[PDB]
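Requesting a structural model of the entry that follows:
(9 chains, ligands or ions: 213)
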Amino acid sequence: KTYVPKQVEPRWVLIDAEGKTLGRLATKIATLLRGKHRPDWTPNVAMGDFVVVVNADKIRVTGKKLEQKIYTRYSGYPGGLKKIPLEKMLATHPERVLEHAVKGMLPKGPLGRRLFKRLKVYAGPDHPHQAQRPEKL
Amino acid sequence: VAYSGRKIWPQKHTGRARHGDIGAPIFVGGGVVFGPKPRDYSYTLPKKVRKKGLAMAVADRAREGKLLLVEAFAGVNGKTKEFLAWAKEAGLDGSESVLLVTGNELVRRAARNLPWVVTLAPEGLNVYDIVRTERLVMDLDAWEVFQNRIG
Amino acid sequence: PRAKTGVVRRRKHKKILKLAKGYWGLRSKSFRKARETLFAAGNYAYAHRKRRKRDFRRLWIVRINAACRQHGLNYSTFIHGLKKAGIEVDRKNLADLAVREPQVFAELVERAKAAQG
Amino acid sequence: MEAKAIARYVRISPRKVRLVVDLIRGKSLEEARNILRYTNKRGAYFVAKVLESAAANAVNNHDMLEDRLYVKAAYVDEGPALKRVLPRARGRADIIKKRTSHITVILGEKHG
Amino acid sequence: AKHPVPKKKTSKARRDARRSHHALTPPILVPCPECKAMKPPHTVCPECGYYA
RNA sequence: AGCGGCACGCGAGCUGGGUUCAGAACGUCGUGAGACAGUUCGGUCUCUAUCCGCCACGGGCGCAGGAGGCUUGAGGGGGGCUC
RNA sequence: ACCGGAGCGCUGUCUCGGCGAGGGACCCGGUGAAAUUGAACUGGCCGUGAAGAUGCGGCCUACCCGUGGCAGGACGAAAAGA
RNA sequence: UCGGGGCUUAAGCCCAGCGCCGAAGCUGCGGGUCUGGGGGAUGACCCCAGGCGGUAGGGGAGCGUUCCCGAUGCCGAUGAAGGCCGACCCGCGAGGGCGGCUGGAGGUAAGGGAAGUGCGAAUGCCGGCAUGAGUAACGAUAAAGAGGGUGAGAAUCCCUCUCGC
RNA sequence: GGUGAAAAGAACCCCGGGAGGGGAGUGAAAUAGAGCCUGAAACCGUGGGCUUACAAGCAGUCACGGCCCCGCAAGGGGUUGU
Ligand SMILES: [Mg+2]
Ligand SMILES: [Mg+2]
Ligand SMILES: [Mg+2]
Ligand SMILES: [Mg+2]
Ligand SMILES: [Mg+2]
Ligand SMILES: [Mg+2]
Ligand SMILES: [Mg+2]
Ligand SMILES: [Mg+2]
Ligand SMILES: [Mg+2]
Ligand SMILES: [Mg+2]
Ligand SMILES: [Mg+2]
Ligand SMILES: [Mg+2]
Ligand SMILES: [Mg+2]
Ligand SMILES: [Mg+2]
Ligand SMILES: [Mg+2]
Ligand SMILES: [Mg+2]
Ligand SMILES: [Mg+2]
Ligand SMILES: [Mg+2]
Ligand SMILES: [Mg+2]
Ligand SMILES: [Mg+2]
Ligand SMILES: [Mg+2]
Ligand SMILES: [Mg+2]
Ligand SMILES: [Mg+2]
Ligand SMILES: [Mg+2]
Ligand SMILES: [Mg+2]
Ligand SMILES: [Mg+2]
Ligand SMILES: [Mg+2]
Ligand SMILES: [Mg+2]
Ligand SMILES: [Mg+2]
Ligand SMILES: [Mg+2]
Ligand SMILES: [Mg+2]
Ligand SMILES: [Mg+2]
Ligand SMILES: [Mg+2]
Ligand SMILES: [Mg+2]
Ligand SMILES: [Mg+2]
Ligand SMILES: [Mg+2]
Ligand SMILES: [Mg+2]
Ligand SMILES: [Mg+2]
Ligand SMILES: [Mg+2]
Ligand SMILES: [Mg+2]
Ligand SMILES: [Mg+2]
Ligand SMILES: [Mg+2]
Ligand SMILES: [Mg+2]
Ligand SMILES: [Mg+2]
Ligand SMILES: [Mg+2]
Ligand SMILES: [Mg+2]
Ligand SMILES: [Mg+2]
Ligand SMILES: [Mg+2]
Ligand SMILES: [Mg+2]
Ligand SMILES: [Mg+2]
Ligand SMILES: [Mg+2]
Ligand SMILES: [Mg+2]
Ligand SMILES: [Mg+2]
Ligand SMILES: [Mg+2]
Ligand SMILES: [Mg+2]
Ligand SMILES: [Mg+2]
Ligand SMILES: [Mg+2]
Ligand SMILES: [Mg+2]
Ligand SMILES: [Mg+2]
Ligand SMILES: [Mg+2]
Ligand SMILES: [Mg+2]
Ligand SMILES: [Mg+2]
Ligand SMILES: [Mg+2]
Ligand SMILES: [Mg+2]
Ligand SMILES: [Mg+2]
Ligand SMILES: [Mg+2]
Ligand SMILES: [Mg+2]
Ligand SMILES: [Mg+2]
Ligand SMILES: [Mg+2]
Ligand SMILES: [Mg+2]
Ligand SMILES: [Mg+2]
Ligand SMILES: [Mg+2]
Ligand SMILES: [Mg+2]
Ligand SMILES: [Mg+2]
Ligand SMILES: [Mg+2]
Ligand SMILES: [Mg+2]
Ligand SMILES: [Mg+2]
Ligand SMILES: [Mg+2]
Ligand SMILES: [Mg+2]
Ligand SMILES: [Mg+2]
Ligand SMILES: [Mg+2]
Ligand SMILES: [Mg+2]
Ligand SMILES: [Mg+2]
Ligand SMILES: [Mg+2]
Ligand SMILES: [Mg+2]
Ligand SMILES: [Mg+2]
Ligand SMILES: [Mg+2]
Ligand SMILES: [Mg+2]
Ligand SMILES: [Mg+2]
Ligand SMILES: [Mg+2]
Ligand SMILES: [Mg+2]
Ligand SMILES: [Mg+2]
Ligand SMILES: [Mg+2]
Ligand SMILES: [Mg+2]
Ligand SMILES: [Mg+2]
Ligand SMILES: [Mg+2]
Ligand SMILES: [Mg+2]
Ligand SMILES: [Mg+2]
Ligand SMILES: [Mg+2]
Ligand SMILES: [Mg+2]
Ligand SMILES: [Mg+2]
Ligand SMILES: [Mg+2]
Ligand SMILES: [Mg+2]
Ligand SMILES: [Mg+2]
Ligand SMILES: [Mg+2]
Ligand SMILES: [Mg+2]
Ligand SMILES: [Mg+2]
Ligand SMILES: [Mg+2]
Ligand SMILES: [Mg+2]
Ligand SMILES: [Mg+2]
Ligand SMILES: [Mg+2]
Ligand SMILES: [Mg+2]
Ligand SMILES: [Mg+2]
Ligand SMILES: [Mg+2]
Ligand SMILES: [Mg+2]
Ligand SMILES: [Mg+2]
Ligand SMILES: [Mg+2]
Ligand SMILES: [Mg+2]
Ligand SMILES: [Mg+2]
Ligand SMILES: [Mg+2]
Ligand SMILES: [Mg+2]
Ligand SMILES: [Mg+2]
Ligand SMILES: [Mg+2]
Ligand SMILES: [Mg+2]
Ligand SMILES: [Mg+2]
Ligand SMILES: [Mg+2]
Ligand SMILES: [Mg+2]
Ligand SMILES: [Mg+2]
Ligand SMILES: [Mg+2]
Ligand SMILES: [Mg+2]
Ligand SMILES: [Mg+2]
Ligand SMILES: [Mg+2]
Ligand SMILES: [Mg+2]
Ligand SMILES: [Mg+2]
Ligand SMILES: [Mg+2]
Ligand SMILES: [Mg+2]
Ligand SMILES: [Mg+2]
Ligand SMILES: [Mg+2]
Ligand SMILES: [Mg+2]
Ligand SMILES: [Mg+2]
Ligand SMILES: [Mg+2]
Ligand SMILES: [Mg+2]
Ligand SMILES: [Mg+2]
Ligand SMILES: [Mg+2]
Ligand SMILES: [Mg+2]
Ligand SMILES: [Mg+2]
Ligand SMILES: [Mg+2]
Ligand SMILES: [Mg+2]
Ligand SMILES: [Mg+2]
Ligand SMILES: [Mg+2]
Ligand SMILES: [Mg+2]
Ligand SMILES: [Mg+2]
Ligand SMILES: [Mg+2]
Ligand SMILES: [Mg+2]
Ligand SMILES: [Mg+2]
Ligand SMILES: [Mg+2]
Ligand SMILES: [Mg+2]
Ligand SMILES: [Mg+2]
Ligand SMILES: [Mg+2]
Ligand SMILES: [Mg+2]
Ligand SMILES: [Mg+2]
Ligand SMILES: [Mg+2]
Ligand SMILES: [Mg+2]
Ligand SMILES: [Mg+2]
Ligand SMILES: [Mg+2]
Ligand SMILES: [Mg+2]
Ligand SMILES: [Mg+2]
Ligand SMILES: [Mg+2]
Ligand SMILES: [Mg+2]
Ligand SMILES: [Mg+2]
Ligand SMILES: [Mg+2]
Ligand SMILES: [Mg+2]
Ligand SMILES: [Mg+2]
Ligand SMILES: [Mg+2]
Ligand SMILES: [Mg+2]
Ligand SMILES: [Mg+2]
Ligand SMILES: [Mg+2]
Ligand SMILES: [Mg+2]
Ligand SMILES: [Mg+2]
Ligand SMILES: [Mg+2]
Ligand SMILES: [Mg+2]
Ligand SMILES: [Mg+2]
Ligand SMILES: [Mg+2]
Ligand SMILES: [Mg+2]
Ligand SMILES: [Mg+2]
Ligand SMILES: [Mg+2]
Ligand SMILES: [Mg+2]
Ligand SMILES: [Mg+2]
Ligand SMILES: [Mg+2]
Ligand SMILES: [Mg+2]
Ligand SMILES: [Mg+2]
Ligand SMILES: [Mg+2]
Ligand SMILES: [Mg+2]
Ligand SMILES: [Mg+2]
Ligand SMILES: [Mg+2]
Ligand SMILES: [Mg+2]
Ligand SMILES: [Mg+2]
Ligand SMILES: [Mg+2]
Ligand SMILES: [Mg+2]
Ligand SMILES: [Mg+2]
Ligand SMILES: [Mg+2]
Ligand SMILES: [Mg+2]
Ligand SMILES: [Mg+2]
Ligand SMILES: [Mg+2]
Ligand SMILES: [Mg+2]
Ligand SMILES: [Mg+2]
Ligand SMILES: [Mg+2]
Ligand SMILES: [Mg+2]
Ligand SMILES: [Mg+2]
Ligand SMILES: [Mg+2]
Ligand SMILES: [Mg+2]
Ligand SMILES: [Mg+2]
Ligand SMILES: [Mg+2]
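Numbers count the residues shown, from 1 in each chain, chains lettered A, B, ... in the order given. Ligands and ions are numbered 1, 2, ... in the order given. Please find the structure below.
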């Protein structure tokens, strides 16, 4: 009968964002958010590392993107569809662009959100120097 | 069924179901559908078969060794206690069901009230009664009658 | 001879109703609703029974692949090494060794890296 | 121990009186008499009626101390409804249930 | 009957949930100074009277 | 002094002039009963909203000690005319 | 008390709505129905599907329960299409 | 809005290679049933190979309900039928049995016979009870108020005065 | 259509205007109390165990996990978080 892990401790990680290609980084970030790298992986628990990102304001992204490529929010009201280009996202709160990527990469369930909270993204550098600052690339 | 043929309601725009009259079998108290009518359950079994059976019964009963022709009914005159004595001195301890076939009317009366004995006139010989009973005992004269039909 | 319904209907009903204990609302009180639900349930079980295997095969893979990843190679190549090295042993389930008794998993990694080329 | 008292066939809807009963469940006999003493519902009268009887039974039959007993539990049950025909428009007609209640109140000694 | 009608019998759960806010509150009472008895606040009550 | 979509948006929102019931008539066709997309006058439009949606307003709990007051503005709405 | 056209007088028919009165609606006490109802733990968009989806997919959104209101949807109710 | 996120020497397109994932297909292990073929003299039983999605429909084998023979029988107050409950035993299943509780007077083996014999839907029939809902409504907008009395209890009964129709 | 073998049909006391109950008493049984044998289901309610207020649902099913409960015990029952 297959092994079930018990209450273990979350491994807090720290990733430097600047230079990294947006989507490419998000993918790995997501994987870390779930277990999926720890061989005691369990799909219904929440055991992914606490990823911390810094210098997110400096994420690289190929092609025209920034100019083109737009994020759309929808208010409930008529015409309530807002459209905001990648450019202006970074202009203001930029950690958004990475978050909206990692979030869209997490499973959509009630667990998915638990995990989305373990992801801490900052304009960086610097952040809550709690405990582990295990540089990672 | 004793109801009226009247249509119970219009069957249109009433909004109710759709009906003809209370008599209908989907109605409670209505008439039965394929309920039983009185009838003749009898049929005419081939006489030759009726004979064989009567023989095979007597025969089956004879092979078992439970057949017994008699005659010396000293316990004549209808009286149970007397017949009891006769059967006593005859191996009929009332341990086995006896089909007592005989023409003797008084012998009949005697054995009659006994729970383990079925009396019977010779003309009434039938495979059913034969088979019901364990032992078969019959008057010599009656055995002649049985023989007349088949023997 | 008239044969009323009597016990028969009630009894066949109570049976199903037993099977439905625990279901939401009318779905465990109404015989007609109960049966309907059960119909669905039975079919689900039979199909989840088929899936259950297909489910663990997957779980194992990830756990194996996770251990292979930290051990240098990936699952794809790992299996190949093993499949080539004749070590048909490890049924993807028993590759739970990755979780406990890792030195054995490790031993099994080199066997695969050996069979590679 | 505990003392029961039931008034059956009270000509009033259960759902209605039930509102009053739930108001005094667990309460002490003292605050209870008061809660009904000044509750603004028809159910009060009936629930009070059975509550006071429960008390009498408690003491005159079980040596319980009046000034020491509470509402260990109480509940109201539905009795056979009185169905009546209400003439309606366009000749349509329908039945209206003048429902009915079975009010039970069971008292009990405080502590020991 | 005419025009709007309920599309479905409301469940046991839905009904009672609606009746969430049905529970009535107990009366508010205070002991009057005159007797040890209880009275609704700001109200004269029989079996006591008033100080003029 | 824009055109179009939304069951040529909208009758559990209204109207009911038009069309398309039973009355009547003109023309008209039919021996006829009747008929026509040819016309003409008359002609009953249903008090109660369960769910979703929507406009408003509360109760419950939540916001890692409890409380009084003052606030930040993520997110959303309104407004945008012209001589 | 027939159908068409016009004019005078007069007007909340209207521009264009406002205020007020009473009877209801609303709150409390008493009594207490109905049509309807597969079961319900019943959201939006874009698709999809017997071609008009709360129930399929993807995405977005959404603490739990009600009260007064509106009537777009549940191809709403009613009548086995006239 | 490419299913989404997201992707640019690609996560796009083309050419070549190696490996992996993966369906109820195929393999392994156990079980069932049918058919064919083998020993079993043998009824039993074992061995081997193969078949077993299914609507209309055809065929086969069973389960349960009422009644009859078996009944001048047998079971039954040391508790019949029926009811409620079970995580137990048997059966592929329809069911059968056991145990506990209720019930209080009948029940009917083996083996056979005969049918008013099995219900979820017929806007089915009868009865009970739900939902809408503490909702609409309380039946002419001629109109009420107060004191006193009666009474377990009074806006609603009696009396007096005042008001209105 | 049905109390019970028998009316032995509940004296008397207590709360209550009464109804209806609580004692007592009868009976083998009153969970046989009078529309009373057995008393199924829908339906209504009281108590208790598990559970639920960031969550999108034919209401189940598969897995794991927690709490509660039966065999101290390897097991099983209830519940439902993901
Ligand atoms: Mg990866
Ligand atoms: Mg995004
Ligand atoms: Mg997941
Ligand atoms: Mg999904
Ligand atoms: Mg979501
Ligand atoms: Mg007649
Ligand atoms: Mg007739
Ligand atoms: Mg007649
Ligand atoms: Mg007829
Ligand atoms: Mg006729
Ligand atoms: Mg006719
Ligand atoms: Mg009639
Ligand atoms: Mg018709
Ligand atoms: Mg209808
Ligand atoms: Mg019909
Ligand atoms: Mg009919
Ligand atoms: Mg009728
Ligand atoms: Mg009849
Ligand atoms: Mg009759
Ligand atoms: Mg025949
Ligand atoms: Mg002949
Ligand atoms: Mg004589
Ligand atoms: Mg004599
Ligand atoms: Mg004699
Ligand atoms: Mg005799
Ligand atoms: Mg005789
Ligand atoms: Mg005899
Ligand atoms: Mg004779
Ligand atoms: Mg005879
Ligand atoms: Mg039947
Ligand atoms: Mg329920
Ligand atoms: Mg139920
Ligand atoms: Mg596999
Ligand atoms: Mg009464
Ligand atoms: Mg309570
Ligand atoms: Mg009373
Ligand atoms: Mg008393
Ligand atoms: Mg006592
Ligand atoms: Mg209650
Ligand atoms: Mg009733
Ligand atoms: Mg009326
Ligand atoms: Mg009417
Ligand atoms: Mg009606
Ligand atoms: Mg009603
Ligand atoms: Mg409830
Ligand atoms: Mg409840
Ligand atoms: Mg113009
Ligand atoms: Mg124009
Ligand atoms: Mg237009
Ligand atoms: Mg337009
Ligand atoms: Mg169109
Ligand atoms: Mg068009
Ligand atoms: Mg058109
Ligand atoms: Mg147009
Ligand atoms: Mg047109
Ligand atoms: Mg319109
Ligand atoms: Mg209209
Ligand atoms: Mg119109
Ligand atoms: Mg309409
Ligand atoms: Mg006109
Ligand atoms: Mg027209
Ligand atoms: Mg029309
Ligand atoms: Mg006309
Ligand atoms: Mg012509
Ligand atoms: Mg002609
Ligand atoms: Mg013409
Ligand atoms: Mg023409
Ligand atoms: Mg024309
Ligand atoms: Mg003209
Ligand atoms: Mg004309
Ligand atoms: Mg007119
Ligand atoms: Mg007209
Ligand atoms: Mg008119
Ligand atoms: Mg008109
Ligand atoms: Mg009119
Ligand atoms: Mg109408
Ligand atoms: Mg009205
Ligand atoms: Mg509502
Ligand atoms: Mg809805
Ligand atoms: Mg609603
Ligand atoms: Mg809404
Ligand atoms: Mg709110
Ligand atoms: Mg609030
Ligand atoms: Mg504060
Ligand atoms: Mg201040
Ligand atoms: Mg202030
Ligand atoms: Mg702002
Ligand atoms: Mg403004
Ligand atoms: Mg704006
Ligand atoms: Mg005229
Ligand atoms: Mg004129
Ligand atoms: Mg004129
Ligand atoms: Mg003039
Ligand atoms: Mg003039
Ligand atoms: Mg004028
Ligand atoms: Mg204005
Ligand atoms: Mg005025
Ligand atoms: Mg007003
Ligand atoms: Mg008001
Ligand atoms: Mg009211
Ligand atoms: Mg939920
Ligand atoms: Mg909900
Ligand atoms: Mg589009
Ligand atoms: Mg589809
Ligand atoms: Mg369309
Ligand atoms: Mg659509
Ligand atoms: Mg699907
Ligand atoms: Mg959807
Ligand atoms: Mg949405
Ligand atoms: Mg409110
Ligand atoms: Mg209200
Ligand atoms: Mg509302
Ligand atoms: Mg609407
Ligand atoms: Mg893609
Ligand atoms: Mg993604
Ligand atoms: Mg890219
Ligand atoms: Mg080429
Ligand atoms: Mg080439
Ligand atoms: Mg080649
Ligand atoms: Mg090739
Ligand atoms: Mg290959
Ligand atoms: Mg493979
Ligand atoms: Mg696949
Ligand atoms: Mg398979
Ligand atoms: Mg297989
Ligand atoms: Mg096999
Ligand atoms: Mg086999
Ligand atoms: Mg089979
Ligand atoms: Mg075959
Ligand atoms: Mg064979
Ligand atoms: Mg062979
Ligand atoms: Mg052979
Ligand atoms: Mg053999
Ligand atoms: Mg041999
Ligand atoms: Mg042979
Ligand atoms: Mg086979
Ligand atoms: Mg198939
Ligand atoms: Mg049979
Ligand atoms: Mg039957
Ligand atoms: Mg019978
Ligand atoms: Mg007997
Ligand atoms: Mg006898
Ligand atoms: Mg026995
Ligand atoms: Mg006894
Ligand atoms: Mg027994
Ligand atoms: Mg017993
Ligand atoms: Mg029994
Ligand atoms: Mg029961
Ligand atoms: Mg056991
Ligand atoms: Mg056993
Ligand atoms: Mg079998
Ligand atoms: Mg078999
Ligand atoms: Mg069974
Ligand atoms: Mg059984
Ligand atoms: Mg059983
Ligand atoms: Mg007993
Ligand atoms: Mg029998
Ligand atoms: Mg047999
Ligand atoms: Mg038999
Ligand atoms: Mg048979
Ligand atoms: Mg038989
Ligand atoms: Mg047989
Ligand atoms: Mg037979
Ligand atoms: Mg029949
Ligand atoms: Mg049926
Ligand atoms: Mg009846
Ligand atoms: Mg009845
Ligand atoms: Mg009736
Ligand atoms: Mg009915
Ligand atoms: Mg019901
Ligand atoms: Mg009702
Ligand atoms: Mg009703
Ligand atoms: Mg109700
Ligand atoms: Mg009310
Ligand atoms: Mg009202
Ligand atoms: Mg009234
Ligand atoms: Mg009225
Ligand atoms: Mg007065
Ligand atoms: Mg006086
Ligand atoms: Mg007075
Ligand atoms: Mg009194
Ligand atoms: Mg009274
Ligand atoms: Mg007065
Ligand atoms: Mg009055
Ligand atoms: Mg008698
Ligand atoms: Mg009497
Ligand atoms: Mg008494
Ligand atoms: Mg006493
Ligand atoms: Mg007294
Ligand atoms: Mg009274
Ligand atoms: Mg009394
Ligand atoms: Mg005592
Ligand atoms: Mg007693
Ligand atoms: Mg009992
Ligand atoms: Mg008991
Ligand atoms: Mg009597
Ligand atoms: Mg009576
Ligand atoms: Mg009664
Ligand atoms: Mg009961
Ligand atoms: Mg009862
Ligand atoms: Mg019951
Ligand atoms: Mg219940
Ligand atoms: Mg309960
Ligand atoms: Mg409960
Ligand atoms: Mg417990
Ligand atoms: Mg949120
Ligand atoms: Mg489904
Ligand atoms: Mg488990
Ligand atoms: Mg567990
Ligand atoms: Mg613990
Ligand atoms: Mg414990
Ligand atoms: Mg369990
Ligand atoms: Mg679940």
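
CA only for contacts and neighbour counts going forward, please
OK.

Return the set of buried residues in stretch A:52-66.
By neighbour count on 16 or more other C-alpha atoms under 10 Å in any protein chain shown, the buried set for stretch A:52-66 is A:52-60, A:66.

can you give me the end-to-end distance of that stretch?
Terminal residues of stretch A:52-66 lie 24 Å apart, using C-alpha to C-alpha, to the nearest Å.

Show me where chain E has its helices.
E:12-18 (DSSP state H).

Can you name the element that comes right after the lengthiest helix in chain A?
Scanning chain A for the helix with the most residues, using DSSP H, yields helix A:22-33. Sequence order places strand A:51-54 as the next helix or strand after helix A:22-33, per DSSP states H and E.

Which residues outside that next one are in contact with it?
With contact meaning C-alpha atoms under 8 Å, 6 or more residues apart in numbering or on different chains, strand A:51-54 is reached by A:12-18, A:29, A:32-33, A:118-127.

Those residues in strands, which ones?
Those of the contacts of strand A:51-54 mapping onto strands are A:13-16, A:120-121, per DSSP state E.

Now do the SS call for the residue nearest in space to the middle of chain C.
Centroid-nearest residue in chain C: residue C:52, 1.9 Å away (criterion: C-alpha atoms, centre = their mean). Put simply, residue C:52 is helix when judged by DSSP: H, G, I helix; E, B strand; the rest coil.

how far away is it from chain A?
Residue C:52 sits 13 Å away from chain A, going by C-alpha to the nearest C-alpha, to the nearest Å.

any idea how far that residue is from residue C:38?
Taking C-alpha to C-alpha, one finds residue C:52 at 20 Å from residue C:38.

How many residues are close by the residue nearest to residue A:101 when sequence neighbours are not counted?
Counting by C-alpha to C-alpha, 6 or more residues apart in numbering or on different chains, residue A:101 lies nearest to residue A:26, which is 6.0 Å off, once chain neighbours are set aside. Residue A:26 has 21 neighbours, counted by other C-alpha atoms under 10 Å in any protein chain shown.

Look up how far ligand 24 lies from residue A:26.
114 Å (C-alpha to the ion, to the nearest Å).

if I read this right, residue D:53 contacts residue D:5, doesn't it?
Yes. At 6.6 Å, residue D:53 counts as touching residue D:5 under the criterion of C-alpha atoms under 8 Å.

Which one's more surrounded, the two?
Here residue D:53 and residue D:5 are compared on neighbour count by other C-alpha under 10 Å; more neighbours surround residue D:5, at 20 against 17.

coming back round to it: point out the other helices and strands that the longest helix of chain A packs with.
Packed against helix A:22-33 by the contact rule (3 or more C-alpha pairs under 8 Å, 6 or more residues apart in numbering or on different chains; DSSP states H and E) you find strand A:51-54, helix A:95-103, helix A:110-118.

One more pass at 10 Å, please.
Applying 3 or more C-alpha pairs under 10 Å, 6 or more residues apart in numbering or on different chains; DSSP states H and E, one finds that helix A:22-33 contacts strand A:13-16, strand A:51-54, helix A:95-103, helix A:110-118.

export the ones you listed to TSV and tack on distance to ligand 115?
Shown next, in TSV, are these (distance: least, C-alpha to the ion, whole Å):
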stretch	distance to ligand 115
strand A:13-16	19
strand A:51-54	17
helix A:95-103	6
helix A:110-118	12
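
from the ones you listed, which stretch is densest packed?
Scoring the helices and strands packed on helix A:22-33 by mean neighbour count under mean count of other C-alpha atoms under 10 Å in any protein chain shown gives strand A:51-54 as the most buried, with a mean of 24.

How about the contacts made by the residue in chain C positioned nearest to ligand 27?
Going by C-alpha to the ion, ligand 27 is nearest to residue C:1 of chain C, at 28.3 Å. By C-alpha atoms under 10 Å, 6 or more residues apart in numbering or on different chains, residue C:1 lies in contact with B:35-36.

Next: residue D:74.
Residue D:74 touches D:4-6, D:18, D:21-22, D:24-26, D:47, D:51, D:103-107, counting by C-alpha under 10 Å, 6+ apart.

Please see if stretch B:65-85 touches RNA strand H.
No. Against RNA strand H, stretch B:65-85 shows no contacts by C-alpha under 7 Å from any atom of the strand, the least distance being 12.9 Å.

how about that stretch against ligand 24, any contact?
Yes. Contact of stretch B:65-85 with ligand 24 (C-alpha under 5 Å from the ion) involves B:79-81.

Can you redo the residues you listed as TSV, where the extra columns are distance to residue B:62?
Listed next are those as TSV, based on distance: C-alpha to C-alpha, whole Å:
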residue	distance to residue B:62
B:79	28
B:80	27
B:81	28
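
now, which of the residues you listed sits nearest residue C:6?
Using C-alpha to C-alpha, residue B:80 comes nearest to residue C:6 of these, at 48.1 Å.

what residues are up against that closest one?
B:86, B:106-114.

again, only this time at 6 Å
B:110-111 (C-alpha atoms under 6 Å, 6 or more residues apart in numbering or on different chains).

Now residue 55: phi and psi?
Defaulting to chain A. Main-chain torsions, residue A:55, degrees, to the nearest 10: phi 60, psi 30.

The intended chain is chain D.
The phi/psi pair for residue D:55 (degrees, to the nearest 10) is phi -60, psi -60.

Ok, residue B:26 next?
Dihedral angles (degrees, to the nearest 10) for residue B:26: phi -80, psi -20.

quick one: it and ligand 25, what's the gap?
Distance from residue B:26 to ligand 25, by C-alpha to the ion: 49 Å.

count of residues packed around that residue?
Neighbour tally, residue B:26, other C-alpha under 10 Å: 13.

which residues touch the residue in chain A that chain C sits nearest to?
Closest to chain C within chain A is residue A:39: 4.1 Å, counting by C-alpha to the nearest C-alpha. If a contact means C-alpha under 6 Å, 6+ apart, then residue A:39 has C:63, C:66-67, C:99 as its contacts.

Which members of the residues you listed are the farthest-apart pair?
C:66 and C:99 (9.9 Å).

And those two? Which one has more around it.
Taking neighbours as other C-alpha under 10 Å, residue C:66 and residue C:99 compare with residue C:66 leading, 23 against 20.

Point me to the helix or strand that includes the more buried one.
Per DSSP H and E: helix C:31-70 holds residue C:66.

Show me what that helix is packed up against.
Helices and strands touching helix C:31-70, by 3 or more C-alpha pairs under 6 Å, 6 or more residues apart in numbering or on different chains; DSSP states H and E: there are none.

What is the subsequent helix or strand relative to it?
Criterion used, DSSP H and E; the element after helix C:31-70 is helix C:75-84.
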